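> Give the three-dimensional model of this entry:
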Amino acid sequence: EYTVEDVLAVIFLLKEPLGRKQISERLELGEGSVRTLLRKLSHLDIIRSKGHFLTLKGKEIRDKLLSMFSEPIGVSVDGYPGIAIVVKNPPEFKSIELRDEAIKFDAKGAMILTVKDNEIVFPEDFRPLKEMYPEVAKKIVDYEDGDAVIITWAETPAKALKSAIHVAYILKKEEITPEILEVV
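Numbers count the residues shown, from 1 in each chain. Dropping the coordinates below:
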């Protein structure tokens, strides 16, 4: 009823204390699913209530996530809501494969870029992103040479968020803490 991507999303979202209905809207998850997810997080001492906030364990987990990812940021691509996530020291990847996985997770589209000479570039020809999407590129921060930059877009912000996290998870699967995997 919930996925590792939902667990990761909640931890990203809880940078600020949030109520259960706000979480439901931003994840686009059922009430039963959100309730169960938040209860598991509570049992595991990852969150506490009275909105929900991260415990010391939950904060250590989030800090660890932010060591391998940037804060997800809202963008707009061709008029659709999108999300950009920087993946720090990524393995090598095939952008087209990751795009296809993002669309399977309900993205309308995706770009997976790299960073060269401190600019976000397309991986084949190394042309800058900002030539095609200047407003998107300008919003993306917290990257360095060699990092990957996931950009998804979708019909809703929740679908953009979920699909971007799915791509992030593929790239960093082996590095995701067992404490997070324990939630599923």
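> Where is the longest helix in the chain?
Looking across the chain with DSSP state H, the single longest helix is helix 157-172.
> Contacts for that one next, please.
Residues from elsewhere that reach helix 157-172 (Cβ atoms under 8 Å, 6 or more residues apart in numbering): 4-6, 8-9, 12, 25-28, 68-69, 72, 74, 80-85, 87, 90-91, 93, 98, 101-103, 105-107, 110, 112, 148, 150-154, 176. C-betas here are computed from N, CA, C, even on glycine.
> Repeat the analysis, applying 6 Å as the threshold.
Contact with helix 157-172 is made by 5, 8-9, 27-28, 68-69, 81-83, 85, 87, 90, 98, 102, 105-107, 150, 152-154, as judged by Cβ atoms under 6 Å, 6 or more residues apart in numbering.
> Can you show me the helices along the protein?
Under the criterion DSSP H, the chain carries helices at the ranges 4-13, 20-27, 31-43, 56-68, 95-104, 134-139, 157-172, 178-181.
> circling back to that earlier point, can you give me how far the longest helix of the chain is from the chain middle?
Put simply, helix 157-172 sits 5 Å off its chain's centre (Cα atoms, centre = their mean, to the nearest Å).
> got the angle between that helix and helix 95-104?
Interaxial angle, helix 157-172 versus helix 95-104 (axes from the mean of the first three to the mean of the last three Cα atoms, to 10 degrees): 140 degrees.
> what angle separates helix 157-172 from helix 4-13?
110 degrees.
> List the buried residues for helix 157-172?
For helix 157-172, a neighbour-count test (16 or more other Cβ atoms under 10 Å) marks 157-172 as buried.
> do stretch 174-183 as well
Residues 176, 180, 183 are the ones in stretch 174-183 that count as buried (16+ other Cβ under 10 Å).
> ok now that stretch, how far from the chain's centre?
In this view, stretch 174-183 has its centroid 15 Å away from the chain centroid, taken as Cα atoms, centre = their mean.
> go on, stretch 5-12?
Averaging C-alpha positions (Cα atoms, centre = their mean) puts stretch 5-12 8 Å from its chain's average.
> and what of stretch 124-133?
Mean-position distance between stretch 124-133 and its chain equals 22 Å (Cα atoms, centre = their mean).
> Stretch 94-101 now?
Offset of stretch 94-101 from its chain centre (Cα atoms, centre = their mean): 16 Å.
> So what touches that stretch?
Outside stretch 94-101, the residues touching it (Cβ under 6 Å, 6+ apart) are 110, 112, 123, 167.
> Taking the residues you listed, tell me the two that lie furthest apart.
Farthest apart among the contacts of stretch 94-101 by Cβ to Cβ are 123 and 167. That separation is 13.8 Å.
> and which of the buried residues of helix 157-172 is nearest residue 117?
Of these, the one sitting nearest to residue 117 (Cβ to Cβ) turns out to be residue 171, at 21.9 Å.
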